[PDB]
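Presented below, as structure tokens, is a lone chain in the form deposited in one PDB entry.
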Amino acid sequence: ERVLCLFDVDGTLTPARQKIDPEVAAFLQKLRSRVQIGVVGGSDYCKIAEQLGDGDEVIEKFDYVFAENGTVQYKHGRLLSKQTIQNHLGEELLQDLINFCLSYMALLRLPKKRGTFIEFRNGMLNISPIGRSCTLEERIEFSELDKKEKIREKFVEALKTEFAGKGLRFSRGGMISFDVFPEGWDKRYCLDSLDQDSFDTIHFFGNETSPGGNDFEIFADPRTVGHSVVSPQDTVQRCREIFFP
């Protein structure tokens, strides 16, 4: 009878990278009268916050906010400390990775390069051949070339082989980047903390729950009751059926 509803954000609660619909937002607060609610997203906290309210409203509107897949956690309004990727991987593998990337990207010739080719986050390294400090038009330009030349895909193939057996995973970061993260630091990461919070049931809702999707692992994990949705409206209706029948 302690229940948590845990939601992916993009395509589950909001249009991708955009603000939640007030009606959906209103339902979630009602749902809170029956269960605790939480969000888990790959984006950083500032982005998620911006999609789910004004200011830091989000940490008050939700019982849990898991940013960067739960490597950053807010619990009932309070920021918890997070394990760092350097602490987890150790400095030597981390620098091996970094130097391989620097070396690989040195040899890539693009139309434009900018800066912040490697962004050190909590949950991962974000790798971007063009550089994260590019403009929107520059992103589209890179994106178009990337499809033609498989720039990010070939980079990732080289990295996976190079680091075979060493516990690194890779995922697409939009148009211009990819993430490198430790094995297990997908959305499931947040389930480890949730494990200590005495929930009787954790319901997870996501829109990418098929193999390869960024919700697959947390959806399939035996610690969650999994729910597959196709839209914020679908998520609301599913919740109505389960919790307000």
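Only residues modelled in both forms are compared. Residue indices: 1-based, along the sequence shown. Here the rigid core means the biggest group of C-alpha atoms that line up within 1.5 Å when the two forms are laid on top of each other.
In this crystal structure, the stretch out of 161 to 169 and 73 to 81 whose C-alpha atoms carry the higher mean B factor is 73 to 81. Comparing the deposited coordinates for 100 to 108 and 82 to 90, the stretch with the larger average C-alpha B-factor is 82 to 90. Ranking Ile202, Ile37, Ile218, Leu52 by the C-alpha B-factor listed in the PDB entry places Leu52 at the top. Ranked by C-alpha B-factor against the other modelled residues of its chain, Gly184 falls in the lowest third.
Among all modelled residues in its chain, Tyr45 ranks in the highest third by Cα B-factor. Remark: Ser143 belongs to the middle third of its chain, ranked by C-alpha B-factor as recorded. When the CA B factors of the chain's modelled residues are split into thirds, the value for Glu137 lands in the highest one. When all modelled residues of the chain are sorted by CA temperature factor, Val156 is found within the lowest third.
Below: the form deposited with a small molecule bound, not depicted.
In the entry with it bound, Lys160 stays away from the small molecule, with no heavy atom inside 4.5 Å. In the entry with it bound, the small molecule lies within 4.5 Å of some heavy atom of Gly174. The closest non-hydrogen atom of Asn126 lies within 4.5 Å of the small molecule in the entry with it bound.
Taking the partner from elsewhere, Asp186 is found to have every heavy atom lying beyond 4.5 Å of the small molecule in the entry with it bound. Of the residues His88, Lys75, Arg132, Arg169, just one reaches the small molecule in the entry with it bound with a heavy atom at 4.5 Å or closer; this is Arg132. For the candidate set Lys154, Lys82, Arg121, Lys113, a heavy atom within 4.5 Å of the small molecule in the entry with it bound is found for exactly one residue, namely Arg121.
Proximity to the small molecule in the entry with it bound, taken as heavy atoms within 4.5 Å, picks out 176 to 184 from the listed stretches 190 to 198, 176 to 184, 28 to 36, 56 to 64.
Legend: core-fitted overlay between this form and the one not shown; highlighted is 172 to 174, the single run of at least 3 consecutive residues with CA shifts of 2 angstroms or more.
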